[PDB]
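One structure is given here, and the rest of the page talks about it.
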Amino acid sequence: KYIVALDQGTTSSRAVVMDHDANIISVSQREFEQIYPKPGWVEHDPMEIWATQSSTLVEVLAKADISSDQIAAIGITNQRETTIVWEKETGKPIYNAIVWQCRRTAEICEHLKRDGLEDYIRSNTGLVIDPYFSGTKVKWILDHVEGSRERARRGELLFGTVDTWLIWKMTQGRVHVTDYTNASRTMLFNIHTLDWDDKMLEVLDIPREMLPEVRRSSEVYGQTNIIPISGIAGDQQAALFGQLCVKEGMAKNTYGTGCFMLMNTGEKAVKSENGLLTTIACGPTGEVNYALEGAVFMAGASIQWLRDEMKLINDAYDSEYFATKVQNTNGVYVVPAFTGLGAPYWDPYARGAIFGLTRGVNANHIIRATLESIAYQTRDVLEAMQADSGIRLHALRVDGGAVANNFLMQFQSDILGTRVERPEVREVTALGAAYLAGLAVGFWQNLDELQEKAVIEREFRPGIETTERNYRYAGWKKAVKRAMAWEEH
Amino acid sequence: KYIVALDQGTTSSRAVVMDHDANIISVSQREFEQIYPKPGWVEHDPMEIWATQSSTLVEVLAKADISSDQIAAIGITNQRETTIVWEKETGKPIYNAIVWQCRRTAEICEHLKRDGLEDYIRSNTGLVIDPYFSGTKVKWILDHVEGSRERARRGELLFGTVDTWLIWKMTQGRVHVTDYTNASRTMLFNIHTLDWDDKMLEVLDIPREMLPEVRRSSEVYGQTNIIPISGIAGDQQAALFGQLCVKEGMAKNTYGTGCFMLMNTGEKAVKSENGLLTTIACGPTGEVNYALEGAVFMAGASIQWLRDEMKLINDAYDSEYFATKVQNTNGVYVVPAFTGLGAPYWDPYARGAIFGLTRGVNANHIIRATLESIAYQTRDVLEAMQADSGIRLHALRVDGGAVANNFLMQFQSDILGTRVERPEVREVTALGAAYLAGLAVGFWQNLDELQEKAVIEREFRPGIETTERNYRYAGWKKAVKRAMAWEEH
Amino acid sequence: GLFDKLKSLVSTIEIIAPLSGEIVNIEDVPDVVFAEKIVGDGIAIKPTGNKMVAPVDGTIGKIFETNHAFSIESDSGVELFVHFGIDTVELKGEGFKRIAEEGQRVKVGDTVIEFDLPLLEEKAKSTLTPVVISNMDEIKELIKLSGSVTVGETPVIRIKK
Amino acid sequence: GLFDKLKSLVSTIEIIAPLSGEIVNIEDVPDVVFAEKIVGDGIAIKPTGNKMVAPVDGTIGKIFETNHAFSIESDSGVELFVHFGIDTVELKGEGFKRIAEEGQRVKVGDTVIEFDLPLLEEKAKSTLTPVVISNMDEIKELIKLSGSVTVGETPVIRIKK
Ligand SMILES: Nc1ncnc2c1ncn2[C@@H]1O[C@H](COP(=O)(O)OP(=O)(O)O)[C@@H](O)[C@H]1O
Ligand SMILES: Nc1ncnc2c1ncn2[C@@H]1O[C@H](COP(=O)(O)OP(=O)(O)O)[C@@H](O)[C@H]1O
Ligand SMILES: O=C[C@@H](O)COP(=O)(O)O
Ligand SMILES: O=C[C@@H](O)COP(=O)(O)O
Ligand SMILES: [Mg+2]
Ligand SMILES: [Mg+2]
Ligand SMILES: [Zn+2]
Ligand SMILES: [Zn+2]
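Residue numbers (the deposited numbering), protein chains in the order written: chain G, 4 to 229, 237 to 499; chain G', 4 to 229, 237 to 499; chain F, 1 to 11, 19 to 168; chain F', 1 to 11, 19 to 168. A prime marks a further copy of an entry chain.
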C-alpha cells in the first residue's frame, strides 16, 4: 500500500511514490517552459503545469506497477504565490499563470505603499508589499480583461494557486479549495483571523466569489480517479514538515529554483523586523503553526541560466567541476536579481549584474561566482532570522536539488561558519506532503513513526577558509548594493 | 623598390610591405601573450614583442620575395606608454614590459595628486595623472628592484617605449632614440619646451641617464641589417597621419585593442576642459603638430575576451552574426572597464560590470552589448572633442581591425547620428609610418603624391533607429556610473 | 459613438496625412536628426488626436517595439518614416496601440497605430510628429505642403521620382 | 646585523611556537570561528616580531595567497593552522613575505613567512595569531601551555594522538 505525492515546482512537475515504510519507490519529473513575455516578467502556461503534472502521475504508478487499488492517498505540494484565473464553465484559463518571480504588478504595489497599507498588510498578512504575492497578480488580471470583475461577481471566474488549480482539475471541477499554507501567500488572507481579509479584497477590488475554500493541510479534501486527496501544503512548508520542522525554533534551507529558509515559531506569530515574512506552517498533525520565512528568488535557477541561455555548461551538475577548477572567482561577483531582490532586500527594481571583471576572468570564474551567490544570499537571510528570533543556529539543515553540490555545500559552511547537514533523501518536499496525507488517512498515525527515515548523509564543517568569510561577504554586499534599483518608474 | 613598416601593437606584431605606389604588397601578423600576474595588471614579455616583431619582418619579405636590395626604408609604429627597462651591457630586461592598460602604479598617481602636480603635469605634459602613462611605471620598476636607480645613474639601465626598444634591438644597441609622438606619452616630457621635464624626472626619481634621445618622426635614425630606419611614431599618430590627419580640425577614430580618437590642432596646443589629452602629432612633413586625444582602453579587446576567456565565440568575426540574431540587448549593458576607465572618465578603480540581466537574456544579448560598448565609448569621447574644439563632426573617419564589422559601424552611425566613413585599406596605422619613412628618404617627396590611395570603401549613414539613440545612451550612462570606483584603496 | 463602421466621403507622388493636426517645419523639430534632415527630409505634424495611419499604399516595414513609430515602403518605391514625438520610446509603449502588423500591405488611410493624445500630451517631451522620406537619394523632387491637415485626407507632400 | 647565518643554541606531541610573543586564550580571539573553536582548537599568540615558522616537522599545506596564514600537516598526522591576525586578508599581502612554498617538508623552526609587525600593527584589525589543530577529531588529548614563548623554541601545546 502506498501514498503518492505530487510536487509541482517552478522549474518542473514531479510524482513520487513511497511505501508505508516511507521509502521512495519511483519518481517522475517533467520540465516545462518558462515564458518571459517581457522584462522581469515570468509566466507559465496553466495547461502545461496541468498537463505536466497529470502525466507525471501516471508514468510513476506505471513505472513501479501499481494501481488505483494499492494507493492510500494523494498528497499535493506546489509552487507558491503563482496565480491563476479561470472560467468556471470551460475549465479554461482567462490568462497565463503569473509567477511568483514575475514583477509586473510593481506599480500596483507602489499604490499600496502610497496609500498606507504597509503597516496594515504586514500586520494581518505577515507579508510585505511586493509583486511576489498573489493579490496584485489577480488585480492586474481582472484589470487586463474586458469582462472580468463583473463576470467574476457573478462568479463565472475562479481564482486559485497551483494546489487549488491542480485539485479542481482532478476533483473534476467539484472541489475548489486551498490549504492554510497556500493562502497566506496571497496578501488577501488574514493570518490571525484565519480568513479572507475584507480590506485587502476591497482595496484590490477582488471578489469573494472567486476565492476558494480555505482548509487544513491535512484533511480529505476529496477523491479523484487515477484516490482521495488528503494533503495540501505550499512547497516550502511541506519541506519544513518533511524535515520535521514541526517544533519551535526548528529550521531548514531549501535549495531549488529559489532558496527558502523557514523556521517554526509554533503558535506565536513573530513579527520580523529584519526583512522576513511571517507566514503559516504545520504543527505535527498538520495543524496551523506560524513561522519565519526568508525568500530568495534566484538560486538554482542561475545555474539553469548558465546552462540554458548563456550556454556555459551542459548540465547543472557540471558546475561543481568547472567551479573548482578555480580557487577563487578572481574578484568577480554575480548579483542574481534577475527577477528583483527578495528578502531581506525586496527591491523589485534591482536587476541582475556581474562585477569586478578584468581581462583574465574567464568562464569558470563566472560559473563559480554564480554558485557563490547562492551561499551569500543564504547568509543574508540567515542573519536576519537570527536577529528576528534571537536564536543562533548551530547547524543548518538543508534540502533541495542544488544540495548535491559538495562545492556549494562546503562553501556554504565556510561562508556561514556553521555546520551543514545534508539529509540522505533530497526529495523532502514530497515527503512532507505524503506524511500530511498519509497521516490524515491513518496511513501513519504518528510523526514519531518516522523520526527514523531522516538519516543525515553528510555533515559539512567549516574549513580553514572560513577565516576569510567576512572579507568575501563584504564584496557581496558592495555588489548587491549596486544591482539595486536598476529599473525605473 | 619598397618601404617596409613595422606595427607592434597591444594584441600583435605586424609587418607590411608597400610599393612606391603605396600598395599593400604582403603582411605578417603574429599574436602574443598577455600576462596578467594579478588584478588590473597587464604585462608583456619584452623578449616576445621583440621575437614576435623580428620574425614578422622576415617572413613578410620572404613571403613577397624581396631583399635588403629593394627596401628603401623601415618605418616603425608601436603601442604607446608601455614601458621597458633594460640593462645596457646584456640587452636584457630587468622586468617584464608594463602595459599602458596596467593599473599598478595607481597609488603613486594618488601621491602625485596628493602633492599638487595635476595642474603642473597637465600644463606641461598635456597628460592627466593616470597609470596609463610611462612615468609611474618606470618609478615602480626602479622602486621594485634592489640595484636600480643607482645602477641607472651610473647608466647601466635604459628606459624606453616599444619604438626605442625595437630600435635599439635593431641598431644593435647603437641607437637609443624615441620620437616626438612617443615621448609625449611618458609624463616626463614637456610638450612646449619639447624636452624632458626636470620637475617630473625629479618628483618621480628618474635619471636623465636612462632617457633616450628625442627626435623628429621623420629622420634617419640609423641603419639595420635585414636598411635605414627613418620613421617613428606612436601608433595612434601614425594612423592619424596615414588618414592624412595632418591639417587643423582633421579627425579619425581607431578601433583596435582600444579606441583612440585624435584631432589635429595644428600648431596650437589646445587645453582640454572635457577629459581629453593634449598630445603630439605630425604635420605633413612629419613635423610637430599638436592634437586632442580621447583614449578608451577597451574596444576590440572585449571581443577577444568573449572569444578567449568566456569562450562564447570562435572568431571575433563571428560576433557580427550572433549580435544580429538579436534586435536588441534585451536591456543588457556591458561596461568594459576591465582595466579602469579612460577618457573622459579616467578612473583606474572602475572594473568591468554587466547589467540589466533577467532570465531570458542570453549569449547573443551579451555579445552584442559588448559590441555596443564600443560605440558608446566612442560617443562619449566624441562629445568631449566637440566641446573642447568647438567643432561639430559631420563624418567620422575610421580605421582599425574592428571596423570590418558592419553591425558595429552602422550601430556607430545610428548612435552618433553621423556618417561613418570606412576607408578602403584598414591597415592605416602601418601606412602612416611608411609615409613618414618614405618621405624622409625621398621615397615620396610629397604627401600630395598620395591624396589618392585613401579611397572610401563605405559610408554608413544613420537609419531610422537613430531616433532612439538618446534613450539607449542614457542606459549606458547609468551603467557606467555604476562600474565606477569598484576597486579600493 | 464612433462612425468607424460608417461610409465616408471619398474624393507625381502625394503623401497623405498619416496623422492629423497642423503641419510644421522639419527644421523646427527639436532633434537634429530631423532638423538637419539627417534621417531624411519631410515635414512634421502637431497633432489632432486618436490615430496614425498609412500615408501611401505600400507595405509596413518596421514597427518599433514601443509602437510609437513605424516605417513603410510605398508600392511606388518610397520610404517613409513616421515617428511620433520626440523620445517617446521612454514612455515604453504607454499611449500606444498596435493596430497593424510589421508586414502587411495597406492602402492610404488603413489604421496603423493608435494613441492617447492626452497621456502623450503631458508625458511626452514633445508631441511633434515627423514624417520623412528616408531614401532621399532615390527621389528627384520633394514638395512640402502647408497648414491644416486631416488624417487619410490632406496631402503633406508631393514628390517626383 | 642578523645572526641568521650564525649557529644557535639547540636543546606525546609538542607543538612549537611558530611565531613569538605572549600566549593567549583561543577563547579571547575576537572571531567566533576561533573563540568557539569551530575551526579547531589551540591557542593564540600576541606577537614578538619578524616571522612565522614551522611548528612541527611535516609538510606545508596551503599558503593563503595573501600570505598571512598557512597550514601544515605534521609527519605525526596532525593539522595545524596558523592565521595571523584577524581579517588580515584585507591588507592584501602588505606586510607579508613568502619565504616557503606550498608543498615542502619542513622541520621545526624553518622560516615560513615573514612579516612587518609594525605595519601590521596599525593596519590590522587585530594582531592575535591563532594556532589551532583543525583535525580535533583525530586527537585524544590536547594540552595548552602558558605565558611567554619564543619562536622555534618554546612549545605551546602538547597533544596525545
Ligand atoms: N549539482 C547541482 N548544482 C547546482 N544546481 C543544481 C544541481 N543539480 C541540480 N541543480 C539545480 O537545482 C534546481 C532544481 O531543484 P528542485 O528542488 O528540483 O527545485 P524546484 O522545486 O524549484 O523545481 C535547479 O534550479 C537546478 O538547475
Ligand atoms: N569583425 C570584428 N569585429 C570585432 N572585432 C574584431 C573583428 N575583427 C577583428 N577584431 C578585433 O579587432 C582588434 C584588432 O585590431 P587591430 O587594429 O589589429 O588592434 P591592435 O593595433 O590593438 O592590435 C581585436 O581586439 C579584435 O579581437
Ligand atoms: O515562494 C514560491 C516557492 O513556493 C517556490 O518553490 P520552488 O522553488 O520549489 O518552485
Ligand atoms: O595608448 C596606447 C595605444 O598606443 C595602443 O595602441 P594599440 O590599440 O594599437 O595597441
Ligand atoms: Mg519543490
Ligand atoms: Mg595598431
Ligand atoms: Zn523614439
Ligand atoms: Zn584571513
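From the three backbone atoms N, C-alpha and C, an ideal C-beta is built for every residue, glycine too.
Could you check if residue i belongs to the surroundings of ligand 7, using beta carbon to heavy atom distance under 6 angstroms?
{"i": "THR134 (chain F)", "result": "no"}
What does the Cβ neighbour count give for residue i, buried or exposed, with the cut at 16 atoms within 10 Å?
{"i": "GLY1 (chain F')", "result": "exposed"}
{"i": "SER282 (chain G')", "result": "buried"}
{"i": "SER70 (chain G')", "result": "exposed"}
{"i": "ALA360 (chain G)", "result": "buried"}
{"i": "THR93 (chain G)", "result": "exposed"}
{"i": "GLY150 (chain G)", "result": "exposed"}
{"i": "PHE3 (chain F')", "result": "exposed"}
{"i": "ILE466 (chain G')", "result": "exposed"}
{"i": "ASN263 (chain G)", "result": "buried"}
{"i": "residue 12 (chain F')", "result": "Placed between 11 and 19 in the numbering, residue 12 (chain F') has no coordinates, as chain F' goes from one to the other without interruption by modelled residues."}
{"i": "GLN56 (chain G')", "result": "buried"}
{"i": "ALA249 (chain G')", "result": "buried"}
{"i": "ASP72 (chain G)", "result": "exposed"}
Is the CB-CB distance between residue i and residue j below 7 angstroms?
{"i": "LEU207 (chain G')", "j": "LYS142 (chain G')", "result": "yes"}
{"i": "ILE6 (chain G)", "j": "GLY442 (chain G)", "result": "no"}
{"i": "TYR343 (chain G)", "j": "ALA493 (chain G)", "result": "no"}
{"i": "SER29 (chain G')", "j": "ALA76 (chain G')", "result": "no"}
{"i": "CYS292 (chain G)", "j": "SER220 (chain G)", "result": "yes"}
{"i": "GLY241 (chain G)", "j": "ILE194 (chain G)", "result": "no"}
{"i": "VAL306 (chain G')", "j": "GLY370 (chain G')", "result": "no"}
{"i": "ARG432 (chain G)", "j": "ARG468 (chain G)", "result": "yes"}
Any chance the CB of residue i is under 6 angstroms from a heavy atom of ligand 8?
{"i": "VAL139 (chain F')", "result": "no"}
Considering only DSSP beta bridges, list what residue i is partnered with.
{"i": "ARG17 (chain G')", "result": "G':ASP10 and G':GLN32"}
{"i": "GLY241 (chain G)", "result": "G:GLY78 and G:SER221"}
{"i": "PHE192 (chain G')", "result": "G':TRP199"}
{"i": "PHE122 (chain F')", "result": "F':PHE103"}
Quick check: is any heavy atom of ligand 1 less than 6 angstroms from the C-beta of residue i?
{"i": "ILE313 (chain G)", "result": "yes"}
State the Cα-Cα distance for the pair residue i and residue j, rounded to the nearest angstrom.
{"i": "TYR224 (chain G')", "j": "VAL180 (chain G')", "result": "8 angstroms"}
{"i": "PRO215 (chain G)", "j": "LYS278 (chain G)", "result": "26 angstroms"}
{"i": "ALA495 (chain G)", "j": "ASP357 (chain G)", "result": "7 angstroms"}
{"i": "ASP245 (chain G')", "j": "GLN104 (chain G')", "result": "15 angstroms"}
{"i": "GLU90 (chain G')", "j": "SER137 (chain G')", "result": "18 angstroms"}
{"i": "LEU426 (chain G')", "j": "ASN415 (chain G)", "result": "48 angstroms"}
{"i": "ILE237 (chain G')", "j": "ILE74 (chain G')", "result": "7 angstroms"}
{"i": "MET273 (chain G)", "j": "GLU462 (chain G)", "result": "21 angstroms"}
{"i": "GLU498 (chain G')", "j": "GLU128 (chain F')", "result": "21 angstroms"}
{"i": "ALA100 (chain G)", "j": "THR295 (chain G)", "result": "32 angstroms"}
Can you tell me whether residue i sits near ligand 5, meaning its C-beta is under 6 angstroms from at least one heavy atom of the ligand?
{"i": "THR439 (chain G)", "result": "yes"}
Compute the minimum distance between the beta carbon of residue i and the heavy atoms of ligand 3, and state whether it is under 6 angstroms.
{"i": "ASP122 (chain G)", "result": "no"}
{"i": "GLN247 (chain G')", "result": "no"}
With a threshold of 6 angstroms (Cβ to nearest heavy atom), would residue i be considered close to ligand 6?
{"i": "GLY78 (chain G')", "result": "no"}
Shorter than 6 angstroms, the distance from the beta carbon of residue i to the closest heavy atom of ligand 2, or not?
{"i": "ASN81 (chain G)", "result": "no"}
{"i": "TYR327 (chain G')", "result": "yes"}
{"i": "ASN193 (chain G')", "result": "no"}
Taking 6 angstroms as the cut-off, is the C-beta of residue i nearer than that to any heavy atom in ligand 4?
{"i": "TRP356 (chain G')", "result": "no"}
{"i": "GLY268 (chain G')", "result": "yes"}
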